Amino acid sequence: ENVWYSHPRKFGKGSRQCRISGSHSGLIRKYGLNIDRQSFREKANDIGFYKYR
Amino acid sequence: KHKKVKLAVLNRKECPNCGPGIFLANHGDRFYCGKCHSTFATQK
Amino acid sequence: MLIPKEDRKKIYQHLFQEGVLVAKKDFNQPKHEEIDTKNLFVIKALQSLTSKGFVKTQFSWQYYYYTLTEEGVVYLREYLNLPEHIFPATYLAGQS
Amino acid sequence: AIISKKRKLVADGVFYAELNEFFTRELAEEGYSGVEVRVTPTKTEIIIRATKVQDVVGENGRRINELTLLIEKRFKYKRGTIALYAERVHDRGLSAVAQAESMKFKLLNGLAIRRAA
RNA sequence: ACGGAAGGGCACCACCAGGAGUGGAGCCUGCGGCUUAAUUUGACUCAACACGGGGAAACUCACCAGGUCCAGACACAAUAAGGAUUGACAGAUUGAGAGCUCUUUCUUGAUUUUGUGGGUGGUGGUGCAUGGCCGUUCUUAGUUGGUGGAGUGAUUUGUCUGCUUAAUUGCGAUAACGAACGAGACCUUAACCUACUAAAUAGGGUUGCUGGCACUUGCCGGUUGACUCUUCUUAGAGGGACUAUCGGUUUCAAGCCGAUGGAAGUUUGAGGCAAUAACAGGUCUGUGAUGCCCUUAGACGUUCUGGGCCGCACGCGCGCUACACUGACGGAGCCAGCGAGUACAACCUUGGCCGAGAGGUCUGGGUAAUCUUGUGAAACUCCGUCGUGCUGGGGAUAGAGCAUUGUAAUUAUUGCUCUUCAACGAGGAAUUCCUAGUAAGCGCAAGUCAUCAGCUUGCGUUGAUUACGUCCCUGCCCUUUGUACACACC
Ligand SMILES: [Zn+2]
């Protein structure tokens, strides 16, 4: 409704986000995952990652 | 903020730009619309 | 909640044909996907539904889900005025 | 398309990871071990192994018929390409996920702490 | 459980034999103190201090300085169109083409506004109300129950004088007999295979077509023209190692030590997984994981805009670059491996022109053993210039401009171009890490990333000196002794 209600958020840390909740810190963007490093340890083997060595 | 100074039955010429849609507002040689935000200057 | 009532009846419309709504959590968006209304307009409409009977919903992975109960189908028939033998998703269209 | 093979293989894993998380919520009341997806040509077989099979299906296509429409709007699919079946579980004793749901009920109802174990 | 009590063991998070150095210098960056309107919070001995994947230009963001917004779901009730209330250019207004409203009388037609309940939201409060996960006691050798014995009983032997092992690992001695968990086994990776099974996205030979060359047969090639194959190369599927075979040395037992064969002889190298029992160790600042207390619109929810997280007499902690001649400054020579990479975005980006640089531009190719890419990367090699003088070593402070990424670079973002040319002649007590493709030089790639490595996690080149033992020091495990301790010597 109001005119000014945004910023150029097409880059940096504020615009980027995870899939689960939306944390702006500790973000894995490798291979287009977008799941933060706390939840990645929980969901490693379901995706297919394993601790071989 | 405000209650809008509500008062029904109020109480004139139609719009030049639009069709039979909105009426003009009478002031001391000053005019502006309602729906099309506010786009008048000269008297009509 | 401050929604001109032309837009609110279009949310009941689109719910009744398909029987499912998958609304994103993103507020301050130009318009919703598929349906031609705002995201804040759509979420608050289905938010008001949950209080007065219905609707089966979640808050998971930034995706609000909404699927109507049996009494919820009867409520929507009153406003939109459709009598009986209609769309929803209790029974299939034909072979599916 | 046309996407690299490394990106789609990781994206395949997250697609399933979402599906497994929602069915934990949605099939909490009716029992739920997991999901097994098998992407054949055109169609996709999604086998849900659960204890109460007929309740997961519903009243001759109601629960699963609504759930198939949900998966389409989430991940962008057409009517025909997805088919949600319901099969029985190979025993409860070995399948340790089934005991957690029974234990969750017994604490929520109001049963003994030690004698449940 | 302690012991400023005694025996026997073990570890470069101990020490010997040594190597590199940090503590000294300048500067990068965390933590204090000071500072401040705000200089946002966690963390405190090993187990806080380049840690929160924390490199903040606004977002981030829990903090100030000054403002906007309803995003008050809903139960019922006060005006309920003689409007519930929604919007509103123009200039006073206002950081301001925020109707923010105070100047205004048109819109808008029951969505709501107005009471009392009711919430929803929170990088609000408590890690001493909790759950998960991580840390540490400890990657150490330790822990349990079944019959049988010794005890009225708490309990106890089994789980032990010895000798070995990296290890309660095994031999042997016996009120003890057999068993389980931990370790070992298992799994992943690095080596060996001219024997299988294979490929113009891997490389070689036969040869052709062809380009040049020494002029005899032969040398260097340029084409994915043809034919065929498997040494390198990738990766299936197998074998190879079992201390093998000998020699000494041991109740001549279990092992350990000297040869020989062998690609491999420290568990063949390194990691991955990791017992019972705990600590009131860390996290409510990953969370629609969360108890209840607070906060619930004049908002500690919010939303936009400037400013700070980086203030500077002063301390400690990791770090980078130097204190030059085994060197610096020139050409010439010229070799790796881990990775990574857009089509709905703006990724890696050769080749060609413009430019003393940085970087401009035309074009591609690549969704990736196909194109960047042979990621011809550094240190190095070899001839010249300087030579032991704060010097041509060293690069900090400084000023002007030329580039780039951004809505925005003044509180130098980042790089470049000439000038400015200091501090430091091998570092006091102390003190950390380390037994072989390791140590220490050396760069490269990734992680965060619109733009920013002096950081962390990974890779390959250059490749030592010195033990091959011991409880003297600092702490860990058992046994035997003593206790007026048992939230257990704080
Ligand atoms: Zn008009």
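Within each chain the numbering goes from 1 in written sequence order, not necessarily matching the entry, and residues lacking coordinates are not shown. Just so you know, chain letters begin at A and ligand numbers begin at 1, following the order they were written in. Taken together, the chains in view make up part of a larger assembly, and the values describe this part alone. Here the side-chain values reflect all heavy atoms present in the structure, with hydrogen atoms and water set aside. Residues with missing side-chain atoms are left out of burial classes, side-chain pairs and their counts.

J.: Break down the interface of chain A and chain C for me, with residues and values.
T.: We call two residues in contact when some of their heavy atoms are within 4.5 Å. Listed per partner, the contact involves six residues of chain A and four residues of chain C. Buried area adds together the accessible area that both of two parts lose upon being put together, with accessible area traced by a 1.4 Å probe. Between chain A and chain C the total buried area reaches about 480 Å² when both faces are included, carbon and sulfur atoms providing 48% of it. Criterion for a salt bridge: a side-chain nitrogen of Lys or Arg within 4 Å of a carboxyl oxygen of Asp or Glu. One can count zero salt bridges joining chain A with chain C. For this analysis, a polar contact is any N or O atom pair within 3.5 Å, provided that within protein one partner can donate a hydrogen and the other can accept it, and provided that sequence-adjacent residues contribute only side-chain to side-chain pairs. Across the contact surface, chain A and chain C share two residue pairs in polar contact. Residues belonging to the side of chain A that touches chain C are distributed by class as follows: two nonpolar, one polar and three charged. For this scheme, ten residues count as nonpolar: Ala, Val, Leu, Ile, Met, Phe, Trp, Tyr, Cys and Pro. Four count as charged, namely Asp, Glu, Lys and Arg, and the remainder, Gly too, count as polar.

J.: Tell me about the protein's contact with RNA strand E, and name the residues and values.
T.: Around RNA strand E, the surrounding shell holds 70 residues, and the nearest of these are A:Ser23, A:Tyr31, B:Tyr32, C:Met1 and D:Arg7. Consider each residue's heavy atoms; a residue with any of them within 4 Å of a molecule or strand counts as near. Considering RNA strand E, the proportion of its atoms within 4 Å of the protein that are sugar or phosphate atoms stands at 60%. A:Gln38 is positioned with one of its side-chain polar atoms (N or O) 3.4 Å from a sugar or linking oxygen of RNA strand E. Separating a sugar or linking oxygen of RNA strand E from a side-chain N or O atom of B:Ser38 is a distance of 2.9 Å. Going through the elements one at a time, α1 (12-15) and α2 (37-42) of chain A, α1 (5-18) and α2 (39-49) of chain C together with α1 (5-26) of chain D are the ones with two or more residues in the surface near RNA strand E. A helix here means a DSSP run of H or I that spans at least four residues, while a strand means a run of E at least two residues long, and both kinds are numbered starting from the N terminus.

J.: Tell me about the interface of chain C and chain D, and name the residues and values.
T.: Size of an interface, as often reported, equals the accessible area lost when the parts are brought together. Contact with chain C, which involves 15 residues of that partner, is made by 14 residues of chain D. Interface area, chain C with chain D, both sides summed: about 1600 Å², of which 61% is carbon and sulfur. Interface area lost by chain C to chain D is led by C:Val20, C:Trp61 and C:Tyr65, which between them contribute 32%. At the boundary of chain C with chain D, the tally comes to two salt bridges. A salt bridge links C:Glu18 to D:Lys73, with the shortest nitrogen-to-oxygen separation between them at 3.6 Å. Put simply, chain C and chain D have two residue pairs in polar contact between them.

J.: Pulling in residues and values, what's your account of the packing of aromatic side chains?
T.: Two aromatic rings, drawn from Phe, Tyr or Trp (for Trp, its six-membered ring), form a pair once their centres lie within 6.5 Å of each other, and the interplanar angle then sorts them: stacked below 30 degrees, edge-to-face above 60, tilted otherwise. Inspection of the entire model under this criterion finds eleven aromatic pairs over all chains. Ring centres of C:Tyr12 and C:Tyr79 lie 6.2 Å apart, and the angle between their planes is 20 degrees; this geometry places the pair in the stacked category. Pair noted here: C:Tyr12 is in helix α1 and C:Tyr79 is in helix α3 (residues 70-80), with a separation of 67 residues, a long-range link. Aromatic side chains C:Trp61 and D:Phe22 sit 6.4 Å apart centroid to centroid with 80 degrees between the ring planes, which places their arrangement in the edge-to-face category. Placement of C:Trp61 in the loop between β2 (56-57) and β3 (63-67) and of D:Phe22 in helix α1 is noted, with the two residues assigned to different chains. An aromatic cluster of at least three residues, connected via ring pairs, comprises C:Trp61, C:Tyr63, C:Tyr65 and D:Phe22. For a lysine, the NZ atom is tested; for an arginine, the CZ atom; a charge sits over a ring if that atom is within 6 Å of the ring centre and within 35 degrees of the ring normal. Here the basic side chain of C:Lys24 rests over the ring of C:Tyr63, its NZ or CZ set 4.4 Å away from the ring centre. Its end group placed over the ring of C:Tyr65, D:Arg74 keeps NZ or CZ at 4.0 Å from the ring centre.

J.: An account of the sheet that holds strand β1 (residues 34-39) of chain D is requested, with residue identities and associated values reported.
T.: Sheet strands associate in pairs through backbone hydrogen bonding, adopting either a parallel or an antiparallel arrangement. All names here are of chain D. Taken in spatial order, the three strands make up an open sheet running β1-β2-β3, and their pairing is mixed. The open sheet has two edge strands with one neighbour each: β1 and β3 (82-87). Shown here is a sheet whose adjacent strand axes are inclined to one another by a mean of 20 degrees, direction ignored. Two strands pair if DSSP finds at least two bridges between them. One ladder, built from six bridges, connects β1 with strand β2 (residues 44-49); its direction is antiparallel. By the bridge assignment for β2, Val39 is matched with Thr44. Each axis is a line fitted through C-alpha atoms, taken for helices only over the stretch in contact, and angles between the N-to-C directions span 0 to 180 degrees. Seen against the sheet, α1 touches β1 and β2 and runs at an angle of roughly 145 degrees to β1.

J.: Could you give an account of the sheet that holds β3(C), with specific residues and numbers?
T.: Ordered by their spatial adjacency, three strands build an open sheet running β1-β3-β2 (chain C), and the pairing between neighbours is antiparallel. For this open sheet the edge positions go to β1 (21-24) and β2 of chain C, each flanked by a neighbour on one side alone. Pairing of β1(C) with β3(C) involves four bridges; the strand directions are antiparallel. Note that in β3(C) the partner of C:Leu21 across the bridge is C:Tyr66. Sitting on the sheet, helix α3 (residues 63-75) of chain D touches β1 and β3 of chain C, and the angle it makes with β3(C) is about 150 degrees.

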